[PDB]
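Chemist: Here's a structure for you.
All of this is worked out from the model, or read from it or from the source named; these are not laboratory values. All Cβ positions, even for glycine, are placed from backbone atoms using ideal geometry, and neighbour counts span all protein chains on display.
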Amino acid sequence: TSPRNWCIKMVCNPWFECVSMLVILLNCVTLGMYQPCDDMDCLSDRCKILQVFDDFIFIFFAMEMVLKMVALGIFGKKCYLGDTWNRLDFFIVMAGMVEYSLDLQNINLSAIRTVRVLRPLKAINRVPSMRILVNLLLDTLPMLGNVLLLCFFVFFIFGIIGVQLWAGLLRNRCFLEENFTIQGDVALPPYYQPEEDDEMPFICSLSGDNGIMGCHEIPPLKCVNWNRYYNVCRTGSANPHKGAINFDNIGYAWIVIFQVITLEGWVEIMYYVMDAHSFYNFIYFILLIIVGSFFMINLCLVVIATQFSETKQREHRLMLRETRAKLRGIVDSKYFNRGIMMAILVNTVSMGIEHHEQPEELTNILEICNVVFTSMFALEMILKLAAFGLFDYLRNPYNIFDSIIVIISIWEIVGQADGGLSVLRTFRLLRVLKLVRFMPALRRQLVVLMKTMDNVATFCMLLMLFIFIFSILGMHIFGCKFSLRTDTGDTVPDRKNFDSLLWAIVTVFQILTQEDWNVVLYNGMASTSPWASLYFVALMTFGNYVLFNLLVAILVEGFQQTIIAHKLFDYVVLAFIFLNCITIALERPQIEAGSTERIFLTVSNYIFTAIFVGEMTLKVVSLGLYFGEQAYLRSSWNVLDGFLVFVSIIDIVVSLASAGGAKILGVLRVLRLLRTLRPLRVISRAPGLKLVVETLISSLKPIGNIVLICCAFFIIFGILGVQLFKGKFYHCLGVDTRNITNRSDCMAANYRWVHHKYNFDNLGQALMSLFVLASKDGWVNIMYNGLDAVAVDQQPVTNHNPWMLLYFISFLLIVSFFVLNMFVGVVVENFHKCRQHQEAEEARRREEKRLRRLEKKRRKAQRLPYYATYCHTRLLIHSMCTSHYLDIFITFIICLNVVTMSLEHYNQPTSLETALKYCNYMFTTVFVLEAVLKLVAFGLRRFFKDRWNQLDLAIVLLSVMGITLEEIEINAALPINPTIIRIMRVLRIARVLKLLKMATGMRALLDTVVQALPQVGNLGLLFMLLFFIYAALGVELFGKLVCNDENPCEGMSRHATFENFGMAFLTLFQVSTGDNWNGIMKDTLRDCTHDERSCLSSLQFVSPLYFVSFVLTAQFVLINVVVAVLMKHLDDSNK
Ligand SMILES: CC(C)CCC[C@@H](C)[C@H]1CC[C@H]2[C@@H]3CC=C4C[C@@H](OC(=O)CCC(=O)O)CC[C@]4(C)[C@H]3CC[C@@]12C
Ligand SMILES: CC(C)CCC[C@@H](C)[C@H]1CC[C@H]2[C@@H]3CC=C4C[C@@H](OC(=O)CCC(=O)O)CC[C@]4(C)[C@H]3CC[C@]12C
Ligand SMILES: CC(C)CCC[C@@H](C)[C@H]1CC[C@H]2[C@@H]3CC=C4C[C@@H](OC(=O)CCC(=O)O)CC[C@]4(C)[C@H]3CC[C@]12C
Ligand SMILES: CC(C)CCC[C@@H](C)[C@H]1CC[C@H]2[C@@H]3CC=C4C[C@@H](OC(=O)CCC(=O)O)CC[C@]4(C)[C@H]3CC[C@]12C
Ligand SMILES: O=c1[nH]c2ccccc2n1C1CCN(CCCC(c2ccc(F)cc2)c2ccc(F)cc2)CC1
Ligand SMILES: *[C@@H]1O[C@H](CO)[C@@H](O)[C@H](O)[C@H]1NC(C)=O
Ligand SMILES: [Ca+2]
Ligand SMILES: [Ca+2]
């Protein structure tokens, strides 16, 4: 109409969208200036003027809303409320309206002011690339419901188990005697806490509960052993971590299960449970990690990638002067280019040399070397501008880059006064970048990287919007609430606080990286209220398991003589290895020399070596070593076996030379190390593992380019880190650690000059620290040491140099992107391979698939026995009583049962327990009722043919057994061990599995997993084998690292040490998960007090290599498991 026609021109003007986006950004800026720790009551100039800007923004929002409705109409597909984000704009408009109205009413209500945080979210529709990406993501969400209901299963089952088992156990610290006698001066705390004010508790075990720590393992204080008086322990006070980790409710159990889903702070709470209740809870925690933490979130990645692929396909288908030439010859000589390559390589080698307290002569050598190299590069500059000419030089901008290097280098040489020495040295790294102009494959690889970034840009902008929104929200609800109490006289804020928007963003990024996010969780959820964990859950989930899987999907979709017998020899030699491996699983460095076990191990090694050399001889006489083709050494695995047997012979010969053991000890160490590799012949002597290892190696080459690029970035950033930090990572750890500046002041107080173990002195330690950063573990501590570092030899101060965040976050982001593109590379390769075959086999299956269609045509009607069940008092059971309306009843009763076990908690009112008992009776009776109905519906033919009614039978049998045993303790007929009742309550959870019948989508998803078990099982066997090899190596290497008070460990706490074999197999399982593995490495490389040669040994050279190789191999094996599942998923989606 005419009134609409007045404003359609303005509202449809792209200028209107431009000014809209501009006011969105200005609103974001006004939000950013919030200072919760400083902005109390808004009694300042900045506060009032920002309130004025927010008023203006609200005015503009109301104006744009009203014009858009009057010009587009209301409540219709073409009207204003047609598109989602128009409705969202409506929502924030009304929210601001009510906020302003309540502000007029003089009501503070800092619970609706927090709604402002949704305002930046309006920009999502004002950028078309963002619009289309978010539209696709929203459209691909609704197919994600299946994995989320799987999430509900694997949270609810374990939460019920936990609340039934460990309810309230966490509380029970260790108290004093009942009628205790003290002369006076009451300093004895009510219970015992080893560290001040209960951040590390001493959870005991009640009498009657078989815990492991039972209040007689307390440390004797070091006079008067006051601690020994802590005799008995009863419940009370608070659960551990400021009342944040417990299993009392089911909400708390869900919080804890979420924490161990993120694989952070895991062994801490596992050891709480072990302290309190039983030693056998590692089964509970490991079964959760394997299922809940790996087969769950990676199923989310698989489902998101697959569904996004098909939604992209769907939307796509919807559309459906003379010597110049002479000198030119020397330039492209194919020998001069390699000469300047060698020049640049030795230049970067020279650059990496410098370190802390470098030799006085060496720095002069380096500076003259720099002069030589810049002179050579300038010579190349002049010769190339001469033989080519000014225009020919500028034709390729790589020449421009080289000229830039030349000019900055000569400027650095000239700039010897000030300023230049601080920065122009730091630009020397660009000289390394000249290699790309030479190496060919590293041109196409970077080109395809840029092709990816072409689309990754919009996702990156989306990510920063998301992180900004959540940082604003956190800074609201947690603002100035993390004030850590006094420690040296003042309440120093936690470094992870939310007080300033800079710290808000860096803390939200920290949490997104899942490193020390539990510290923030506890320190926040004990500040506001226990419901504050929903914020962390929403952040971590919506970010990590949705947006990032979206990024992965974006990349993946973007890239589109004598007699010889060989009948059963392999199985028997595999048996012999099993035996050898259980001979290898016992050499703990604690068996006393000359014991029965030592002798048994020696003789077992003797016979096993005899058997293996015998089979080696058999094979070689069958084939021959290298005498022509098809010999013994024409295959890799035979070469490996020969290598192992040769090392075995060397070891036995040297061992028999034990006399004169001086100077050969290192040889013995190396020979033991190479012994531990012997459990690797299974791959050769088993077909599936052999094929899988070949497939791994084959998939390893197409990602080689990215690996080399990532290693180059590691070297570049390592040299950069050496440049920035030289010897700044020294801090005066003492009783005061205050009012002291430099080493001289520290020695004045005589405390100590402690040296951090993760530093940037050398380039090797630079690479170690960079690997720690890149693996998202313990990187916050390194970042704190980086920001705090002040100068060469004095105390770091808190946040001295907040600019290093750029380095410490840019490294994480770049390394993370390279790792993501490495995965995406594995998938593409594998798909290409299978797709090439696939169709061939599947064609024949489709020829058989129509036969299966013909098979169902046979199935039409074999006179089903409904009539025999008709008129026999059950004409209604078989037909009217087996309808879906009778199964909605069963599902509803299942949900009521779920929500009624979801109500148990510690110290519940007795009335609630009685009501739950009555509800259990109700539900058992009804389950019996439809069990009998189903049994009368049909005889025993289909009763054993359903394969699912048996599940109902088992459940009803468990339920009736449970209700029957309840009577036994009503009448006290027989003394029943409460363990039986425990098992029965905890097993009542089996009534949940009845939902699987209706959830056909979950059935399909779990199936798609199930027909991946060839590859998945072979990879799992490989993974166990890798743990075995690395555990044996670790036991041999770090076996004797004593952990006591005088050697305070950081990561190997109680059973995570390497002493035994299994105790090391656990710590390998812990390192693989990436929880406090950096702590374990710091524990190993630890100079001791000359108590042992292991501490003084070559640990520094070999411990980091051990840990890095293990972490890389474990992660790669897991990636290959995931890609196998994903390919089978795409194949199933094809059919
Ligand atoms: C390549 C990326 C993917 C991972 C980085 C691998 C590093 C963990 C490796 C390669 C460089 C090695 C470093 C080379 C040099 C050294 C110096 C070495 O000797 C020392 O300077 C400390 C002892 C001393 O001399 O006082 C300590 C081991 C270390 C850090 C090495 C740590 C382990 C390192 C093997
Ligand atoms: C192109 C579109 C899609 C980008 C959307 C993201 C922006 C809306 C976000 C990303 C970066 C944010 C900026 C990050 C940094 C700050 C600095 C901040 O100022 C302060 O740091 C003050 C700190 C203090 O006072 O203690 C003001 C908000 C602002 C500009 C933010 C405004 C909102 C920005 C631009
Ligand atoms: C996408 C949805 C499902 C999650 C998005 C996160 C927020 C919209 C929700 C989830 C967590 C909730 C918070 C949980 C904890 C806090 C602190 C909590 O502390 C108090 O009791 C202070 C009471 C007061 O004086 O306001 C009050 C509820 C609140 C603000 C909640 C506000 C709304 C939050 C941030
Ligand atoms: C079957 C093959 C293919 C590999 C299986 C080997 C391991 C999975 C098993 C078999 C031998 C078991 C080990 C047998 C003996 C020991 C020593 C044992 O040490 C002690 O308990 C001594 C301390 C004490 O007695 O109090 C710890 C368990 C452990 C490591 C066992 C851990 C689990 C092991 C390594
Ligand atoms: O959550 C995050 N925020 C972050 C912010 C910055 C940097 C990293 C961030 N992270 C990661 C943290 C852990 N987690 C999976 C790790 C690797 C994972 C993977 C690797 C590559 C890839 F392309 C997709 C998924 C994977 C999955 C299965 C495996 F078997 C091995 C490894 C999700 C991403
Ligand atoms: C070390 O700190 C003290 C304490 O103020 C100061 O006087 C001195 O100049 C500093 N530098 C030294 C001793 O080189
Ligand atoms: Ca950690
Ligand atoms: Ca981690």
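Chemist: Right, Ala71: out of contact with any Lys or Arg (no Cβ under 7 Å at 6 or more places or on another chain) and surrounded by 15 or more Cβ atoms within 10 Å (Cβ to Cβ) or not?
Modeler: no
Chemist: For residues that are closer than 15 Å to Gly1079 by Cα and either among the basic types (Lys, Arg) or assigned to a helix (DSSP H, G or I) (or both), scanning just region 755-769, find the one that is nearest to ligand 2 (Cβ to nearest atom).
Modeler: Here the residue is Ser769.
Chemist: May I ask you to verify whether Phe482 is more than 16 Å from ligand 7 (Cβ to nearest atom) and touching a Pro at 6+ places or on another chain (Cβ under 7 Å)?
Modeler: The answer is yes for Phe482.
Chemist: Name the helices (runs of 4 or more DSSP H) wholly within region 275-333 that hold at least 2 residues that are of a type in the set (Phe, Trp, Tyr) and under 24 Å from the mean Cα position of the chain (by Cα)? So that I can check it myself, show each step before the final result.
Modeler: On the way: elements: 282-288, 297-319, 324-331.
Here the list reads 282-288.
Chemist: Still on this model: Go through the residues of region 575-596 one by one and say whether even a single one is acidic (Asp, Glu) and within 16 Å of ligand 4 (Cβ to nearest atom).
Modeler: Applying the first criterion (acidic (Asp, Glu)) to region 575-596 yields 587, 592.
Applying the additional criterion that residues be within 16 Å of ligand 4 (Cβ to nearest atom) yields 587, 592.
The answer is yes; a qualifying residue exists.
Chemist: Hey, which of the helices (runs of 4 or more DSSP H) in region 889-979, taking only ones fully inside, have at least 1 residues that are among the basic types (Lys, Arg)? Full working, then the answer.
Modeler: On the way: elements: 910-937, 940-943, 949-971.
In region 889-979, the matching helices (runs of 4 or more DSSP H) lie at 910-937, 940-943.
Chemist: Would you point out which residue out of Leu1085, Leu1099, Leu1126 is more than 16 Å from ligand 1 (Cβ to nearest atom), surrounded by 15 or more Cβ atoms within 10 Å (Cβ to Cβ) and among the aliphatic types (A, V, I, L, M)?
Modeler: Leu1126
Chemist: Any idea which of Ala575, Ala553 is hydrophobic (A, V, I, L, M, F, W, C), away from ligand 3 (no atom under 16 Å from the Cβ), more than 30 Å from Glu829 (Cα to Cα) and outside the structural domain of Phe258 (by TED's automatic domain parsing)?
Modeler: On the way: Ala553 fails: more than 30 Å from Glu829 (Cα to Cα).
The conditions single out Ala575.
Chemist: It is to be established whether one or more residues within region 465-478 are within 12 Å of ligand 5 (Cβ to nearest atom) and either β-branched (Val, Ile, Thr) or part of a helix (DSSP H, G or I) (or both).
Modeler: Yes, region 465-478 contains a residue that is within 12 Å of ligand 5 (Cβ to nearest atom) and either β-branched (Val, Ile, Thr) or part of a helix (DSSP H, G or I) (or both).
Chemist: Which condition number in (1) surrounded by 14 or more Cβ atoms within 10 Å (Cβ to Cβ); (2) under 27 Å from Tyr252 (Cβ atoms); (3) among the hydrophobic types (A, V, I, L, M, F, W, C) is the one that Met998 fails?
Modeler: Every condition holds for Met998 apart from (2).
Chemist: What are the residues in region 37-56 that are in contact with a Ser or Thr (Cβ under 9 Å, 6 or more places away or on another chain) and not in a helix (DSSP H, G or I), if any?
Modeler: Correct list: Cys37, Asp38.
Chemist: Restrict the check to region 808-817 and report whether at least one residue is over 34 Å from the mean Cα position of the chain (by Cα) and under 29 Å from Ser1103 (Cα atoms).
Modeler: Looking for residues that are over 34 Å from the mean Cα position of the chain (by Cα) and under 29 Å from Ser1103 (Cα atoms), one finds none in region 808-817, hence no.
Chemist: Can you find even one residue in region 843-851 that is under 30 Å from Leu555 (Cα atoms) and not acidic (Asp, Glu)? It would help to see each step written out before you state the result.
Modeler: Keep residues of region 843-851 that are under 30 Å from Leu555 (Cα atoms), which gives 843.
Checking which are not acidic (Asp, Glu) leaves us with 843.
There is at least one residue in region 843-851 that is under 30 Å from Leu555 (Cα atoms) and not acidic (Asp, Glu).
Chemist: Take the residues of region 508-525 that are within 16 Å of ligand 8 (Cβ to nearest atom) and not aliphatic (A, V, I, L, M): which is nearest to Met464 (Cα to Cα)? Talk me through it step by step, then tell me what you get.
Modeler: Restricting attention to region 508-525, the residues satisfying the condition of being within 16 Å of ligand 8 (Cβ to nearest atom) are 509-521.
Pick out the ones that are also not aliphatic (A, V, I, L, M) and you get 509-510, 513-518.
Numbers: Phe509: 10, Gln510: 14, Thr513: 14, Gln514: 17, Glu515: 19, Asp516: 21, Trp517: 19, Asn518: 23 Å.
If we take residues in region 508-525 being within 16 Å of ligand 8 (Cβ to nearest atom) and not aliphatic (A, V, I, L, M), then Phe509 is nearest to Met464 (Cα to Cα).
Chemist: Looking for something buried (at least 18 other Cβ atoms within 10 Å of the Cβ) and touching a strand residue (DSSP E or B) at 6+ places or on another chain (Cβ under 8 Å) - is there at least one such residue anywhere in region 747-755?
Modeler: No - not one qualifying residue is present in region 747-755.
Chemist: While we're on this one: State whether the residues of region 835-846 include one that is among the aliphatic types (A, V, I, L, M) and assigned to a helix (DSSP H, G or I).
Modeler: yes
Chemist: Report yes if some residue within region 1057-1069 is within 18 Å of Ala585 (Cβ to Cβ), part of a helix (DSSP H, G or I), of a type in the set (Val, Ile, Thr) and away from ligand 5 (no atom under 16 Å from the Cβ); otherwise report no.
Modeler: Kept after step one, since they are within 18 Å of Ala585 (Cβ to Cβ), are these residues of region 1057-1069: 1057-1069.
Those still in the list that are part of a helix (DSSP H, G or I) too: 1062-1069.
After this cut, where a residue has to be of a type in the set (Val, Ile, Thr) as well, the list is 1067.
Still in the list and also away from ligand 5 (no atom under 16 Å from the Cβ): 1067.
Scanning region 1057-1069 turns up at least one residue that is within 18 Å of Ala585 (Cβ to Cβ), part of a helix (DSSP H, G or I), of a type in the set (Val, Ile, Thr) and away from ligand 5 (no atom under 16 Å from the Cβ).
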